[PDB]
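Chains as they are written, first to last, in the deposited numbering: chain A, 2352 to 2403, 2449 to 2618; chain B, 2192 to 2226, 2260 to 2403, 2449 to 2565; chain C, 2111 to 2191.
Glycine is no exception: its CB is placed at the ideal position from the N, C-alpha and C atoms.
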Amino acid sequence: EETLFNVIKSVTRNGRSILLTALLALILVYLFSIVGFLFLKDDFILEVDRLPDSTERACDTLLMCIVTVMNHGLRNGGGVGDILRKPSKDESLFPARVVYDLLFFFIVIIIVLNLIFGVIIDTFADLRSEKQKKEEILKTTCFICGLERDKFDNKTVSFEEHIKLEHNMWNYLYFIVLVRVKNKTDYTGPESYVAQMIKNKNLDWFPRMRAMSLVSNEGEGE
Amino acid sequence: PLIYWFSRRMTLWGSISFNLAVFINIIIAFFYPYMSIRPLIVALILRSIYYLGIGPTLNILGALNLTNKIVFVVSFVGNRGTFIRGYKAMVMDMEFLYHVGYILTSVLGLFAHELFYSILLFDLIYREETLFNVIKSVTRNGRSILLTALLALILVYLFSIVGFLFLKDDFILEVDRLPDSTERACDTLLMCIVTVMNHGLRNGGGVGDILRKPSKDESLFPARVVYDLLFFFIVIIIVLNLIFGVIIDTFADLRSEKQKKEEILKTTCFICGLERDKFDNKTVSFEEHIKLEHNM
Amino acid sequence: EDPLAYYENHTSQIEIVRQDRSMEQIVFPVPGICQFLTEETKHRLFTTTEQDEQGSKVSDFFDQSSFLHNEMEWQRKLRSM
Ligand SMILES: Nc1ncnc2c1ncn2[C@@H]1O[C@H](COP(=O)(O)OP(=O)(O)OP(=O)(O)O)[C@@H](O)[C@H]1O
Ligand SMILES: Nc1ncnc2c1ncn2[C@@H]1O[C@H](COP(=O)(O)OP(=O)(O)OP(=O)(O)O)[C@@H](O)[C@H]1O
Ligand SMILES: [Ca+2]
Ligand SMILES: [Zn+2]
Ligand SMILES: [Zn+2]
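Structure (structure tokens):
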């Protein structure tokens, strides 16, 4: 499916930005884990079910603390605060804890993970804009000389016939094969010239910004 | 020649200094508390840990980082010549001010405490431009985000007043006491705001989730339903959702501005600014026009 | 079958600009090998081509002409089996 591929391209094109944002998220989690270990180590209690006490500390060492904050903090909607034990309102450290969760909520869940999402949207808009421009160019200008559709207006020869026969690219390709295949001694005037030009590697014999259909008015002016 | 040699390799010292900064952070992260160039450095650090130990290895890595950065700073000032711009200029220079602060952080980390090395990871933002652009997506419209938060705070304030005046009884919170479980939390207006703000915005449902479950047959049941629903539709879907909308809007604006700037740079020449389309069907092409004819 | 089919279907015209800038129209026969080009390759070339710095896609089209000729030659040999 091409549509599914395009959807995947929406995250693949800016994959580097997403990875870097994840690194920033990891760095912020690292800083918060350090702060918790220094100040709020006691409050780090996790409930676990033992296969055949329920709650025990999880921030005894820095490595375990970062895993607990990263694994159980980012996934939870509230953030780190949800996993930690409920703080008593009358407790002296209540305000510090309240600020701690709010900062995590406003620094790691609303302005970090949301940025990763925003990168995806920006890629979606970029992909659509690029596709729209490419289709417009393909359907509005002809391949060989590149003239716009509006030029072929109020003229005997229309744009559709200009591209179909007058500036048919496959006709040019056929001529290239004929010139390459035909012998030197059998070359005519025009065929000898293009063969010489092809050897010179100069791509100027191709018409540009000009065609006989529009020159018909020029011929009348002549 | 000596100062020139130091300045010429600016990428080398900066790449190493960041390279060491990363390895020190991982080592402390993985082990704390304790009792191709890149793979080669990994082997050396691993070997030092095996023989010298975590302690001495960290001390060595800090010493190398400090020496690398100080010579990086002296080279930076010499190459940029900030002194020629004026002694006042270098002091006010943002780049110079950032470097001295990093130098201060490095020496504090080496001596004051090991964890101070953690904040050195902020340098990654400066190292990567794409990450800087991502951060710029929120920094450009920071004022709007702050004001939206202020509007959010006002809305939580209004709801807290309404809850205190009418629904004070339902404000019950569960707490775990260190060596009754549930108790009131809206006895005074201030604590009510903290409970609603802290436990309301974070919760997906909103304020209603934290409050006690209302009885369906209770007379005040319809009031609670309307109150909870209003918070959900006025503080979580139209307030926090707006903040992300600002971030998305900034992303589009930054991309559009960058695209226009690149198109202008690559489509018109610096001096006269003529468009590329003008240089068509002419003996002199646009590329040679800018290369020689109009070379700034 | 139709006498005016082999001499008609195998005919094409193009536009070129000479040294003197005087445009000319060349009518030439289509060689037999050119008739073996696959439609799928034709569609890929039309869509995959990209514009150069000048905005003219002719340079990319010409560069792939040799590949198309070789592909057509293989198609002829494939048609033999
Ligand atoms: N210079 C050009 N500008 C725009 N479109 C072009 C140009 N050259 C070819 N095309 C398009 O590319 C396709 C190639 O045309 P082609 O003559 O092979 O069509 P066809 O109808 O399959 O052939 P046939 O002549 O055998 O009926 C057609 O869509 C044609 O419109
Ligand atoms: N007027 C202009 N408009 C647009 N681009 C320009 C203009 N003048 C110079 N440039 C571009 O700016 C850069 C400066 O060109 P410069 O002559 O220094 O190139 P260089 O190849 O490094 O030099 P050298 O001539 O020694 O090979 C090049 O990218 C050149 O294309
Ligand atoms: Ca002859
Ligand atoms: Zn044309
Ligand atoms: Zn110019």
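Anticipated Cβ contact below 8 Å, residue i with residue j, distance rounded
| i | j | result |
| --- | --- | --- |
| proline 2603 of chain A | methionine 2133 of chain C | 7 Å |
| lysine 2392 of chain B | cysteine 2455 of chain B | 5 Å |
| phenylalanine 2501 of chain A | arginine 2471 of chain B | 5 Å |
| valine 2465 of chain A | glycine 2366 of chain A | That belief does not hold up - the Cβ atoms of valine 2465 of chain A and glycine 2366 of chain A are roughly 25 Å apart, past 8 Å. |
| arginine 2186 of chain C | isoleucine 2143 of chain C | 6 Å |
| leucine 2480 of chain A | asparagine 2467 of chain B | The Cβ separation is near 12 Å, so there is no contact. |
| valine 2590 of chain A | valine 2575 of chain A | 6 Å |
| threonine 2372 of chain B | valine 2515 of chain B | 7 Å |
| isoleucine 2215 of chain B | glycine 2286 of chain B | 7 Å |
| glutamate 2125 of chain C | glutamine 2135 of chain C | 6 Å |
| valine 2301 of chain B | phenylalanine 2307 of chain B | 7 Å |
| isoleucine 2540 of chain A | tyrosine 2568 of chain A | 7 Å |
| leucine 2509 of chain A | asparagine 2357 of chain A | Not confirmed; about 24 Å, so no contact. |
| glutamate 2562 of chain A | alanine 2607 of chain A | 6 Å |
| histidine 2120 of chain C | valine 2140 of chain C | 4 Å |
| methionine 2605 of chain A | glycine 2542 of chain A | 7 Å |
Simplified DSSP state of residue i, which is helix, strand or coil
| i | result |
| --- | --- |
| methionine 2133 of chain C | strand |
| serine 2450 of chain A | coil |
| residue 2417 of chain A | For residue 2417 of chain A, nothing is modelled; it lies in the interval where chain A passes from 2403 to 2449 with no residues in between. |
| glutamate 2111 of chain C | coil |
| residue 2208 of chain C | Outside the displayed span of chain C (2111 to 2191) sits residue 2208 of chain C, for which this structure offers no information. |
| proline 2491 of chain B | helix |
| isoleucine 2219 of chain B | helix |
| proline 2139 of chain C | strand |
| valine 2168 of chain C | helix |
| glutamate 2398 of chain B | strand |
| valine 2465 of chain A | helix |
| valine 2127 of chain C | strand |
| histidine 2337 of chain B | coil |
| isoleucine 2506 of chain A | coil |
| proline 2483 of chain A | coil |
| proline 2263 of chain B | helix |
| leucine 2391 of chain A | coil |
| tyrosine 2195 of chain B | helix |
| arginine 2471 of chain B | coil |
| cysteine 2144 of chain C | helix |
| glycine 2205 of chain B | helix |
| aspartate 2456 of chain B | coil |
| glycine 2325 of chain B | helix |
| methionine 2226 of chain B | coil |
Exposure of residue i, with buried meaning 16 or more beta-carbon neighbours within 10 Å
| i | result |
| --- | --- |
| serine 2122 of chain C | buried |
| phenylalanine 2555 of chain B | buried |
| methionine 2182 of chain C | buried |
| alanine 2212 of chain B | buried |
| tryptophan 2184 of chain C | exposed |
| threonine 2329 of chain B | buried |
| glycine 2325 of chain B | exposed |
| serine 2260 of chain B | exposed |
| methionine 2318 of chain B | exposed |
| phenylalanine 2548 of chain A | buried |
| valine 2380 of chain B | buried |
| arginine 2493 of chain B | buried |
| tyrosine 2311 of chain B | exposed |
| residue 2652 of chain B | Since the first residue shown for chain B is 2192 and the last is 2565, residue 2652 of chain B is missing from the structure and cannot be characterised. |
| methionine 2565 of chain B | exposed |
| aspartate 2518 of chain A | buried |
| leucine 2344 of chain B | buried |
| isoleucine 2507 of chain B | exposed |
| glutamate 2338 of chain B | buried |
Check: residue i C-beta below 6 Å from any heavy atom of ligand 6
| i | result |
| --- | --- |
| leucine 2610 of chain A | Ligand 6 is not among the ligands present in this structure, which contains only ligand 1, ligand 2, ligand 3, ligand 4 and ligand 5. |
Next item on the list: Report the residue ranges of all alpha helix (DSSP H) runs contained in full by the segment 2529-2602 of chain A; include only those spanning at least 4 residues, in chain order.
Entry: 2565-2577 and 2585-2596
Item checked: Quiz: which residues have CB nearer than 7 Å to ligand 1 non-hydrogen atoms -> A/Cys2538, A/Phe2539, A/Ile2540, A/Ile2559, A/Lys2560, A/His2563, A/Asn2564, A/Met2565, A/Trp2566, C/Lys2152 and C/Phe2156
Next item on the list: Can you check the segment 2342-2379 of chain B for any alpha helix (DSSP H) of at least 4 residues that lies completely inside it and give the ranges in chain order?
Entry: 2347-2351 and 2353-2363
Notebook entry, point to check: Going along the chain, which unbroken runs of the alpha helix (DSSP H) with 4 or more residues stay wholly within the segment 2266-2297 of chain B?
Noted result: none
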